[PDB]
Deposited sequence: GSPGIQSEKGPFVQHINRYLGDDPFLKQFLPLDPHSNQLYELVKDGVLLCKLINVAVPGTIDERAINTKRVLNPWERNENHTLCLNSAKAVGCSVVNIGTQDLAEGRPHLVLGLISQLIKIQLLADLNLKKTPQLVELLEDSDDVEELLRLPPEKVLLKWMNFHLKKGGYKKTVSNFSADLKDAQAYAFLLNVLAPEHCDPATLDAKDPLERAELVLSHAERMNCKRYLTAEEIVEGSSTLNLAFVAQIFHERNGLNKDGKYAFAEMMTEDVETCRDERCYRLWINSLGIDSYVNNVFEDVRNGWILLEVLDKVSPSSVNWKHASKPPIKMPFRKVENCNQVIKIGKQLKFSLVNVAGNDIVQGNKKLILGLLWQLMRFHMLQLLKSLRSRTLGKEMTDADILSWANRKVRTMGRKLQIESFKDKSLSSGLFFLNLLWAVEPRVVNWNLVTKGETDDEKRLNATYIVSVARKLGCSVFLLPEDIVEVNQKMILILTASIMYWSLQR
């Protein structure tokens, strides 16, 4: 039933796209949606609408006609990009997009809209969910707007359009319509509210009836849209790692979802799940307690098994124990996660045989590039020259020359040029099948740990061609 708003959403945010400009608008009553998704250009672009700068559009096969492979690349690039923004696509396959399965297409678009509308609510200018943060923002302006009532929900507290009218008058007074004051019926007030929003260029698409009926999901979106158009407002590696491992854990096929690794990992359950995935049958669930957990004993017990299995896998854990995870030791949590990530990567590569090391990966990359006739090599994954992005592009070109367009590549000199290749590298790698989560700046600044994993991931898919 959400097909309608989902279409209107696409038509409004992509209706001017140079490529999709001709295929839009789409009839929310017809099945044109499931047809425009088959090639893989639509969803890839929707993702950048949700989180700008995610996919380098230059890496998207944007031709009139596409081969069954140029088509498969877009979906590959799409699904891997979706994970990079927090989407749960562990059950959606590349062929499901090509065919256009509704329950999977709508389910995917649903997550993107959510990400698009509710993100940037924790990075603006602190334990409250995005929705509650939006409520604080709204009430903030309403206070100064002399609004008496307080908003605490997006259904009954908005049904009469009163709060909408005040808010809009506060954020965009130059678009005020005194007619709202003569509005007797709540529907009439809503229609005028929608107009006021249209004037300030919000890409609003809900109707006056959807406001009076108190539709919680539709109204929440509208309030977010107002915010994004006018908010009316006048140790950093820890934050990056938090995002990185959070995205990685959520793509492993785990049953729990991570919103914040530092917090959601304290009762030990999630870490046990990751361990069971990366090292099958390693966890003894008979001695573990499933959340919610109130009893602290059960928390400490889970974390102690986490540490035990960690040491059994030969990981490096000194002067720590289960209660360190429960206490939120970020230094230990990041250290344990890294080793888990590296362990899984090596195990994956190892399964391609018939005792992997970082050095074997370094050797493979250098050797792989030498087969194309190029002489550029690296001494390690910390090599300063990596920042240019030239090595990676050559390696990727070596793996599959068809995925690297050199007219699009630049020199790795200026910080801008490097930034450009980096973003291109991340998208091309995902286009191949690499499920990586490093940031473009991870290449420009040469984050050796992230470098290792990207390379190992390229290798992983190269050895299966």
item	value
Chain regions without C-alpha coordinates, deposited sequence numbering	1-6, 132-148, 258-270, 391-395
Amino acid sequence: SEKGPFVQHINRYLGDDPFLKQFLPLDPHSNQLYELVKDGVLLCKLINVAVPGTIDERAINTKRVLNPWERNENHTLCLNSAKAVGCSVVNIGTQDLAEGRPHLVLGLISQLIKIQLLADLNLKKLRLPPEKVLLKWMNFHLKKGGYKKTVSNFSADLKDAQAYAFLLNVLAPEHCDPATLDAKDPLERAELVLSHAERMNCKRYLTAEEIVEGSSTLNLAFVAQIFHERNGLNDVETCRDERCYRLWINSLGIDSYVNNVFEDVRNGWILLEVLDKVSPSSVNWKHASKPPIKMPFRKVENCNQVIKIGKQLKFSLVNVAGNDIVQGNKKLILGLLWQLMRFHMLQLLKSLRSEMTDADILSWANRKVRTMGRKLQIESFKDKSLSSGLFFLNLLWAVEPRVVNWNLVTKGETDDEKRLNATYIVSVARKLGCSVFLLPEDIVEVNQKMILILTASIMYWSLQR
From here on, numbers count along this sequence of modelled residues.
| property | result |
| --- | --- |
| Entry-level comparison of average CA B-factors, 185-193 and 97-105, reporting the higher stretch | 97-105 |
| Mean temperature factor over C-alpha atoms, higher-scoring stretch between 254-262 and 301-309 | 254-262 |
| Selection from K368, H344, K330, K143 [criterion: highest C-alpha temperature factor in the record] | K143 |
| Identity of residue with top Cα B-factor, from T150, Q339, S388, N169 | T150 |
| Chain-wide C-alpha B factor ranking for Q116, given as lowest, middle or highest third | middle |
| Chain-wide C-alpha B factor ranking for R230, given as lowest, middle or highest third | middle |
| Position of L376 among the chain's modelled residues by C-alpha B-factor, lowest, middle or highest third | highest |
| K21 - Cα temperature factor, lowest/middle/highest third of chain | highest |
| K63, C-alpha B-factor rank within chain (lowest, middle or highest third) | highest |
